[PDB]
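Novice: The structure follows.
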2 protein chains.
Amino acid sequence: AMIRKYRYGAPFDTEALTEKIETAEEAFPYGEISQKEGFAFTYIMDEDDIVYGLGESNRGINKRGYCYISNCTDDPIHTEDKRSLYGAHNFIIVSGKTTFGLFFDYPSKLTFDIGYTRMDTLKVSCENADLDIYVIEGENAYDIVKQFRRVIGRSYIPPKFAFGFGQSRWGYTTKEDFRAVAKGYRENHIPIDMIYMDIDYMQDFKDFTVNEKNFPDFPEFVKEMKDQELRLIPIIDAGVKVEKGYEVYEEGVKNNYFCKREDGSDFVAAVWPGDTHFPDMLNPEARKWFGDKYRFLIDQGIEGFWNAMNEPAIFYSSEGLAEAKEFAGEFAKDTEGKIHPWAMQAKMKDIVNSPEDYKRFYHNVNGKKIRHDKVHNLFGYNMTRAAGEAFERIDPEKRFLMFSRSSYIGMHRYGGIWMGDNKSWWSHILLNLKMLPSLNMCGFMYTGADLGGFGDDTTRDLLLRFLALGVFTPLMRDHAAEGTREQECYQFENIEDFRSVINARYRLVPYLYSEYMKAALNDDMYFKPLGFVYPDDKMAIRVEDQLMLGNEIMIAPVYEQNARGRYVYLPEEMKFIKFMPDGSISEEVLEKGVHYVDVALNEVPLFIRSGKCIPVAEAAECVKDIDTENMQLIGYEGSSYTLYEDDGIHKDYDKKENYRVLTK
Amino acid sequence: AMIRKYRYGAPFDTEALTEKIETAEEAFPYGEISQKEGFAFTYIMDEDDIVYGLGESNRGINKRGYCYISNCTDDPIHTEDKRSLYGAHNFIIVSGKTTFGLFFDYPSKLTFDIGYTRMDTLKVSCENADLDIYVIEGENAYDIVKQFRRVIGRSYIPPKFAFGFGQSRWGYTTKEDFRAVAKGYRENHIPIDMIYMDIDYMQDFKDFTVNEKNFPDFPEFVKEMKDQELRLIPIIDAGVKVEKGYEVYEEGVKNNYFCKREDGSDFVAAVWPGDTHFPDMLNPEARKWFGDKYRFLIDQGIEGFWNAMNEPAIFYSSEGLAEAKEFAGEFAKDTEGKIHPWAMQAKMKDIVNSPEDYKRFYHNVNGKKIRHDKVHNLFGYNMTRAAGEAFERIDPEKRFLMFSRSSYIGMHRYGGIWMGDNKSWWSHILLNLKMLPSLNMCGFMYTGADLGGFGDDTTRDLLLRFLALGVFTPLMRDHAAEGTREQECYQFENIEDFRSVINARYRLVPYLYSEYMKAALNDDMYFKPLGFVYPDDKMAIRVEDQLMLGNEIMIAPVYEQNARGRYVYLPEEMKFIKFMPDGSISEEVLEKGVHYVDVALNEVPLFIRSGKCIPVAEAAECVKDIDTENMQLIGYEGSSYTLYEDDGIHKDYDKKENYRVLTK
Ligand SMILES: C[C@H]1O[C@H](O[C@H]2[C@H](O)[C@@H](O)[C@@H](O[C@H]3[C@H](O)[C@@H](O)[C@@H](O)O[C@@H]3CO)O[C@@H]2CO)[C@H](O)[C@@H](O)[C@@H]1N[C@H]1C=C(CO)[C@@H](O)[C@H](O)[C@H]1O
Ligand SMILES: OC[C@H]1O[C@H](O)[C@H](O)[C@@H](O)[C@@H]1O
């Protein structure tokens, strides 16, 4: 009754919504709709309007002032000009004199022109008028976000061990490599729960295999690590290698489980393994078949996974390759200088993630063929769903760690997201930061960035400041591209500073897990923009480098190089808290208003709100060893905090026994 | 105060310094010098040390925390990872408990590892121990900079019209193209003094030609523009087109003025015109010849030039083109996928600005041949030198507007610099801001960035914020690359806001010009880091997004999208001044400390120091029409300002009549 659905044309059913809403009849409530040039919604914003939403997209929390295109793409360079990243999250809220929310349930290229062409004009457009548009009324943005979280279904809930720290690198390939990562953290008493396994752990990049030479006794090595509270988290990619005798390949061909060209041939895309086929993620039998394959790893004691390249990413097709080799031949013997090297270079680039490739294959949805570009943004979503739904068939009682690169609203039910291939840039700390509340609005709460920066070479101080933000993000992992400077914590001087920052994480795990569980079970946000908590404060609403977490604290990470502190704005009196390197916890009461606060490199800051407190455990080196029986309570005297806690493994969430009231 | 010179091996004479310093024979006074593997200076920094310097290079004012390689390169993507931009400015100051400046007078690839490898370690190294190292000492960093400015000789001083606003775009081609730009500005009563002519004004990109089809009577068109106080500033590039009958070409080949390969043939490098030769800029006869060619344009009424592509940039050599074609041929006929597309993609990229190409040509220096790589960073410097020296021969009492892309210390005497191919990113406003004081330290005072962003698509608000920074940079011009969204001030709605911002530039010209002249004539800085003005204030010395200008004011531009103000730190009491859209000047006193200030998109902010004032003229539409007879004084009652003022055209600097003391 607070939300309505306006259907246009004959929309593909994306299954984003868990709740069935009936079709409205009245004219569209806001702005103007047009079908002349495909589809277009146009709305004139008031000058003070703020625009929230779009989950994992570029730029700031207030999306006004640029162009965002929902079209999942494998782009490893996240600069301010980019209009499309990995995610398609078609939820926005207009917040101001007139406030309302909009969800565009449409699975293809969707363009959000938010004040880019004209400052006061918001224009959302697509090629085909086949979509549902949900209008969500409410008092304010926050109320609107909660109604939306309601109808998209509960967010994915990870096992507790996943709130620990994790370390990965594109390049770990042997037992020796993993044993050295283990030794490096454990011997230095740096806390850690997870080590990620990247594509080198497979036999020639074949999904659902393990390198036979390097891991001849894999179940035994997995237990070797698990005995140390180190859980190996292996990657699975979208592309299944074309290879005779490889069982996943044979089965997909034989049973027509792969995406096909119009002529019914299995479509070929080059990725890490060379030529591959894509499983048909939109076909239920194909999804079930692919998901069940996870059994092969779970049977060996693996308790979590990550999916990459699920846009799906294409290095080139067979068609593109031939086109490029042909153009190259021309260039090769162009004596007249009619073919310039930049044309040769543009062609080589053009065959990567080519829009024309996305037009070359089809999904078989219950007998009916649909051309992939028409449902492009659903591929990653349905690949993750394949996995989620298999975990439930395989072990219904157990929580698995699961997250993916590309996504669509609806996938938030089956796994988290990481923010993809960022860079070792200071601007990416703030990018990681600003994406958080937006991802929360779209149901994606288990999320984080590659700490230290995935691409390029990091520095000791950059890695330390990344980690201090990572302290607060449910996914906290250090991951690095191949060829980059090594960025495990033990690669730098004065390693005690890394132990100090990660200790802060573990000491906060009971509290952070608690807020996440509370938020997930009540369709609420784990991170909130300040405006959500302080609607009446015209200064607060425009703050973009601070976030509220739960109902107790605010975070404000340092993201400028060489800085020894930062400016903050406090909408209410708060206690400025710092996790000090000696293990202590400094406290200072600061009043409402502007402040500059000192935050050294080896110090982790946060603020505790007036009349609140939070529990803080003593430092432990893994999640299982954290002591929750007697932890200190930091914050305001006389206040109380409701701690959610369960076994962190199963799905028994209701029980009154999961809650205890702590009182300072 | 003190300067010493330490000589290693047999340095190339760069002519950086104008003052002679005797060679020191005592121990090197700071850090360690090693010559076991080429050359390396190693210094252990104290923890609070700030490192200033490096002029035009990546990142912030404090250079600690990264790696900078002086190696002039044509790179249009200025992201945080880049180690080399256009500039090779080998001056750094270590500032802390122990303070000292070092200038590394070396013309080739020099690597500054400033806390990159180990946080506490500063390491400067190069391939050959053939260089001079100047050690400067004094009270503090500012003292040390001023002594450096003395020995490198007086900075280039532009004509007063160059303190106007200028408009450019790669694409202006015909007389209609230019008249429309003139029309767009003059009819909307937006001030402007200059329009830039990019490469398309030439006949087939030939240096020192004009397209005689589009400009049949060029000198008349030049006058037609000048009669409206609009001065065409044409570009000149380094590569002279290979073309029989082209006199510049024929003369260059005939007299051996071009850079030759090892065998004596004229080296061929492809640029805008296709095949070109490079004038041998380090050869005195060659320089005089090339420089003399500017007469062609001056004779037609041109009073300013800019140079680009003077790294020199190389799209490819004949040698590299042949290589890439040979590789493309193998890729083309490869059937066993042994040659992957990304290898083809890499080769294509590797032929641009190839380190191998910089080893393929030589300079003839007074009869001695030197391979170009060994003196690479001197090329752009000497190209700008050729122009400046030609100007003095042509008319020694007259100032020409001149600036270049690539440079080396010493070039600052002959022309200014623009910050090259930036992007329409909010983060480049900050990049622009931060590069300024560093450039000043190195003698480059006439400088600025492409306002609104060169590459990629700008927005109305990004342009307006970029122009409010431009108001204060001596070079203020809006420039864009081909294929970008058009970003002339008149390409946007509510054009009055652009009038307002440019109007502030013109109201401040008398003051900004006065400040520039006083700084230049006194070997002093126009822009200064807060640390130089408030050395004892430990908060002020860490500020990197505010700058002192002259001795009267401080600037603090907004560089955040959607921001309606920003945090500022005032190290003393100041008057907060804004030039309002309505042409009024808001004023508010603010005590020392941290403040949040409101700055609307259409307001230009600055601060006036306690006990100071500045002259503010009424808005005019060109420099010539500014009424400096009776300017309003803004700031503190009872304060005095010394206003420098000459004809802005000739070089009659030393008249006492040039100075007039004003008191508020
Ligand atoms: C110093 C150097 O510059 C000379 O060139 C011009 C200057 O750069 C201008 O600044 C300008 O100077 C004027 C004064 O500022 C002004 O107050 C007036 O009183 O006198 C000047 C007239 O405008 O004009 C200069 C005119 O050329 C000059 O070209 C150059 O030679 C000077 N360098 C020395 C070189 C020699 C060679 O023996 C001698 O002439 C002197 O020792 C130096 O002047
Ligand atoms: O061509 C796409 C990819 O090809 C190879 O995988 C390269 O290793 C990688 O750097 C590139 O992005």
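Going by the structure tokens order, chains are called A, B, ..., each with residues numbered from 1, while ligands are numbered from 1 in the order shown.
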Just want the residues within 12 Å of ligand 2, written as a JSON list (two decimals) with C-alpha atoms, in the first residue's frame, counting only C-alpha atoms and all ligand atoms.
Specialist:
```json
[["chain", "number", "residue", "atom", "x", "y", "z"],
["A", 74, "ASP", "CA", 34.70, -6.17, -16.34],
["A", 75, "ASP", "CA", 36.55, -2.84, -15.97],
["A", 76, "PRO", "CA", 39.73, -2.95, -13.81],
["A", 77, "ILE", "CA", 40.27, 0.83, -13.86],
["A", 170, "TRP", "CA", 46.52, -13.89, -7.56],
["A", 199, "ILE", "CA", 42.69, -19.42, -10.19],
["A", 269, "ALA", "CA", 34.48, -17.32, -25.17],
["A", 270, "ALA", "CA", 38.16, -17.09, -24.28],
["A", 271, "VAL", "CA", 38.96, -16.52, -20.60],
["A", 272, "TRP", "CA", 41.75, -17.84, -18.35],
["A", 273, "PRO", "CA", 41.48, -21.46, -19.61],
["A", 274, "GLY", "CA", 41.58, -20.36, -23.24],
["A", 309, "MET", "CA", 34.40, -13.13, -14.26],
["A", 313, "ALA", "CA", 33.86, -11.47, -18.84],
["A", 314, "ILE", "CA", 35.06, -12.13, -22.41],
["A", 315, "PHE", "CA", 38.72, -11.73, -23.47],
["A", 316, "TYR", "CA", 37.49, -12.36, -27.03],
["A", 317, "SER", "CA", 35.13, -14.63, -28.96],
["A", 321, "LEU", "CA", 39.59, -13.31, -32.80],
["A", 348, "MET", "CA", 42.67, -5.34, -30.29],
["A", 349, "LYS", "CA", 40.91, -3.47, -27.48],
["A", 350, "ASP", "CA", 37.49, -3.71, -29.16],
["A", 351, "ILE", "CA", 37.30, -7.54, -29.04],
["A", 352, "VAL", "CA", 37.39, -7.45, -25.21],
["A", 353, "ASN", "CA", 34.02, -7.59, -23.48],
["A", 421, "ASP", "CA", 39.50, -4.86, -9.10],
["A", 455, "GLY", "CA", 45.90, -3.33, -8.93],
["A", 481, "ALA", "CA", 46.84, -8.67, -8.54],
["A", 482, "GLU", "CA", 49.75, -10.68, -9.96],
["A", 483, "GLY", "CA", 52.95, -8.74, -10.54],
["B", 339, "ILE", "CA", 50.34, -15.58, -30.08],
["B", 340, "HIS", "CA", 47.62, -14.19, -27.84],
["B", 341, "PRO", "CA", 45.74, -10.93, -28.59],
["B", 342, "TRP", "CA", 47.14, -9.24, -25.47],
["B", 343, "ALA", "CA", 50.67, -9.80, -26.78],
["B", 344, "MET", "CA", 49.58, -8.15, -30.04],
["B", 345, "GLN", "CA", 47.94, -5.49, -27.85],
["B", 346, "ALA", "CA", 51.20, -5.02, -25.89]]
```
Novice: What residues have any atom no more than 8 Å from ligand 1 when counting only C-alpha atoms and all ligand atoms, and can you list them as number ranges by chain?
Specialist: B: 392, 396-397, 650-655
Novice: If you keep N, CA, C and O atoms, can you produce a file of those selected residues as a PDB file, in the first residue's frame?
Specialist:
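The file below, out.pdb, is the result:
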```
ATOM      1  N   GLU B 392      64.157  37.478 -27.754  1.00  0.00           N
ATOM      2  CA  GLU B 392      65.111  38.517 -27.383  1.00  0.00           C
ATOM      3  C   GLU B 392      65.856  39.061 -28.601  1.00  0.00           C
ATOM      4  O   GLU B 392      66.168  40.255 -28.660  1.00  0.00           O
ATOM      5  N   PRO B 396      63.963  42.681 -27.972  1.00  0.00           N
ATOM      6  CA  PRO B 396      64.464  42.437 -26.615  1.00  0.00           C
ATOM      7  C   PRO B 396      63.740  43.228 -25.529  1.00  0.00           C
ATOM      8  O   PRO B 396      63.930  42.923 -24.352  1.00  0.00           O
ATOM      9  N   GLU B 397      62.938  44.221 -25.905  1.00  0.00           N
ATOM     10  CA  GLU B 397      62.206  45.004 -24.910  1.00  0.00           C
ATOM     11  C   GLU B 397      60.737  44.590 -24.791  1.00  0.00           C
ATOM     12  O   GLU B 397      59.936  45.286 -24.169  1.00  0.00           O
ATOM     13  N   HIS B 650      56.281  45.943 -22.218  1.00  0.00           N
ATOM     14  CA  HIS B 650      57.741  45.964 -22.289  1.00  0.00           C
ATOM     15  C   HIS B 650      58.387  45.512 -20.979  1.00  0.00           C
ATOM     16  O   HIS B 650      57.720  44.947 -20.112  1.00  0.00           O
ATOM     17  N   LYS B 651      59.687  45.741 -20.839  1.00  0.00           N
ATOM     18  CA  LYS B 651      60.427  45.154 -19.732  1.00  0.00           C
ATOM     19  C   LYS B 651      61.049  46.214 -18.827  1.00  0.00           C
ATOM     20  O   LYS B 651      62.121  46.017 -18.253  1.00  0.00           O
ATOM     21  N   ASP B 652      60.350  47.336 -18.691  1.00  0.00           N
ATOM     22  CA  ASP B 652      60.824  48.452 -17.880  1.00  0.00           C
ATOM     23  C   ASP B 652      60.504  48.212 -16.399  1.00  0.00           C
ATOM     24  O   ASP B 652      59.744  48.968 -15.782  1.00  0.00           O
ATOM     25  N   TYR B 653      61.111  47.160 -15.847  1.00  0.00           N
ATOM     26  CA  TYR B 653      60.815  46.655 -14.505  1.00  0.00           C
ATOM     27  C   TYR B 653      61.310  47.523 -13.350  1.00  0.00           C
ATOM     28  O   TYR B 653      60.628  47.628 -12.332  1.00  0.00           O
ATOM     29  N   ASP B 654      62.490  48.127 -13.498  1.00  0.00           N
ATOM     30  CA  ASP B 654      63.186  48.771 -12.369  1.00  0.00           C
ATOM     31  C   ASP B 654      62.843  50.232 -12.067  1.00  0.00           C
ATOM     32  O   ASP B 654      63.561  50.888 -11.324  1.00  0.00           O
ATOM     33  N   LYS B 655      61.763  50.749 -12.633  1.00  0.00           N
ATOM     34  CA  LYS B 655      61.350  52.107 -12.304  1.00  0.00           C
ATOM     35  C   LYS B 655      60.708  52.141 -10.908  1.00  0.00           C
ATOM     36  O   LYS B 655      59.930  51.255 -10.544  1.00  0.00           O
TER      37      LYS B 655
END
```
Novice: Which RMSD value, in Å, describes how well chain B fits onto chain A when all C-alpha atoms are paired in order and fitted by least squares?
Specialist: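 Here the RMSD amounts to 0.4 Å.
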Novice: What residues in chain A lie within 8 Å of chain B, counting only C-alpha atoms, written as a VMD selection string?
Specialist: chain A and resid 60 62 64 to 66 80 to 81 116 to 119 321 324 to 329 331 to 333 341 to 342 344 to 345 348 to 349 424 to 426 456 to 457 459 to 461 492 to 493 542 561 to 563 567 594 to 596
Novice: Please measure the separation of CA of residue 8 (chain B) and CA of residue 126 (chain B), giving the value in Å to one decimal.
Specialist: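 Answer for the CA of residue 8 (chain B) to CA of residue 126 (chain B) separation: 12.0 Å.
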